[PDB]
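In: 3D, please:
(one chain, ligands or ions: 6)
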Amino acid sequence: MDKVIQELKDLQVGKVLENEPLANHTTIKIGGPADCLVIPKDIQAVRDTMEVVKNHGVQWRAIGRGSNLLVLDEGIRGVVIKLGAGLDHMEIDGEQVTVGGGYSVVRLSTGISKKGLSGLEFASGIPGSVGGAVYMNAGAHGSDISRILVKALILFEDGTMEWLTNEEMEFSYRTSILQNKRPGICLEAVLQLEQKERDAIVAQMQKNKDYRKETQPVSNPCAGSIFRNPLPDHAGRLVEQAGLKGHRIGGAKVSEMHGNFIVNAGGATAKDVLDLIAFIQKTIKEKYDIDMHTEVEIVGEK
Ligand SMILES: Cc1cc2nc3c(=O)[nH]c(=O)nc-3n(C[C@H](O)[C@H](O)[C@H](O)COP(=O)(O)OP(=O)(O)OC[C@H]3O[C@@H](n4cnc5c(N)ncnc54)[C@H](O)[C@@H]3O)c2cc1C
Ligand SMILES: [Cl-]
Ligand SMILES: [Cl-]
Ligand SMILES: [Mg+2]
Ligand SMILES: [Mg+2]
Ligand SMILES: [Mg+2]
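Out: Residues are numbered from 1 along each chain as shown. Ligands and ions are numbered 1, 2, ... in the order given. Find the structure here:
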């Protein structure tokens, strides 16, 4: 990978960080080294990076805030592209917002709601990036990205860039086409909001932020909800009903207030988290005969 790293440095793509700990780049603050973590300074830099990747035929993964990732302790091979400050453009034109994939979702929800534009209040507590929200079809409070997205600009591995419409994104619960048929990087999105009375929109937005304070981790690092809900049961309630809140393995524990979040109490390894996940699964399978599946994404090594 030495030469991949070199070409990237020569292209001035932005930061080119060798053996970079993914613990620095995930909300749960866990994870080993990426061989090469690139932090592109702009959209062209992302294209330049992907072309190097294509040439040397190495592995790539795009990340935003790492808010749904449990990266394993031996990190990630190949190139990791973090979309962040280099891709944080944001412009409002009437009821349409055009926003780079690196922009903070919480920031967008906060500022857009303050403009009286309704449709992003639901996202005020989703601590990811726009590109990751598009990839995940992120959702809360009965809404999601699919309700407001007009189109998304995708960079494919082969270097082609294409605007996919809402329908072409094939959104469903926690799902988009980037996860399956058409993998690629979301560089930019156009979102459609609705102009309404500002104060009520701001209120809803803040209400949703308060909801996070009352029911979910604040003091400890954590990733997104761990398990899919085995409907009509909720994973969190099953875990709580089995008395596993606060249950600890190593530095990892089930949060004290929410059964579906594992927090990094301090010093947690990926192994701790994985063990905890398996232990919760065993416990719920024994008690309820339910096999729970992960929603949090496990990445690294393989
Ligand atoms: C406390 C907490 C609360 C959360 N609450 C919610 C919630 O209510 N609803 C919800 O849906 N999620 C929630 N999440 C999960 C997470 O915030 C979202 O899934 C978010 O959309 C992920 O963004 P990232 O930008 O954080 O993605 P990661 O950086 O976390 O990326 C996740 C996946 O998207 C891919 N990816 C990232 N960026 C791109 C890109 N630009 N192009 C293509 N692929 C990309 C990655 O490869 C990976 O597969 C929560 C997380 C935490 C920690
Ligand atoms: Cl950044
Ligand atoms: Cl906790
Ligand atoms: Mg240039
Ligand atoms: Mg027993
Ligand atoms: Mg029994």
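
In: quick one, strands of the stretch 1-150 of the chain?
Out: For the stretch 1-150 of the chain, the strands defined by DSSP state E, counting those that start in this stretch occupy 14-21, 33-40, 60-63, 69-71, 76-82, 90-93, 96-100, 117-118, 139-140, 143-144, 149-155.

In: same list, those strands, but as TSV with mean neighbour count and distance to ligand 2 please.
Out: From N, CA and C alone the C-beta is placed, and that goes for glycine too. Below are the strands of the stretch 1-150 of the chain laid out as TSV (neighbours: other Cβ atoms under 10 Å; distance: least, Cβ to the ion, whole Å):
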stretch	mean neighbour count	distance to ligand 2
strand 14-21	18	8
strand 33-40	25	5
strand 60-63	22	10
strand 69-71	27	15
strand 76-82	23	6
strand 90-93	12	15
strand 96-100	21	11
strand 117-118	22	25
strand 139-140	16	24
strand 143-144	18	25
strand 149-155	22	18
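
In: a markdown table for those strands, including distance to ligand 1?
Out: Compiled in a markdown table, the strands of the stretch 1-150 of the chain are given as follows (distance: least, Cβ to the nearest ligand atom, whole Å):
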| stretch | distance to ligand 1 |
| --- | --- |
| strand 14-21 | 14 |
| strand 33-40 | 11 |
| strand 60-63 | 4 |
| strand 69-71 | 5 |
| strand 76-82 | 8 |
| strand 90-93 | 15 |
| strand 96-100 | 9 |
| strand 117-118 | 18 |
| strand 139-140 | 4 |
| strand 143-144 | 7 |
| strand 149-155 | 8 |
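
In: wait, which of those strands is closest to ligand 3?
Out: Ligand 3 lies closest, by Cβ to the ion, to one member of these: strand 69-71, at 16.7 Å.

In: quick one: stretch 28-45 to chain centroid distance?
Out: Taking the mean of its C-alpha atoms, stretch 28-45 sits 14 Å from the chain's own mean (Cα atoms, centre = their mean, to the nearest Å).

In: that should have said stretch 118-133, apologies.
Out: For stretch 118-133, the gap between its own C-alpha mean and the chain's C-alpha mean amounts to 10 Å (Cα atoms, centre = their mean).
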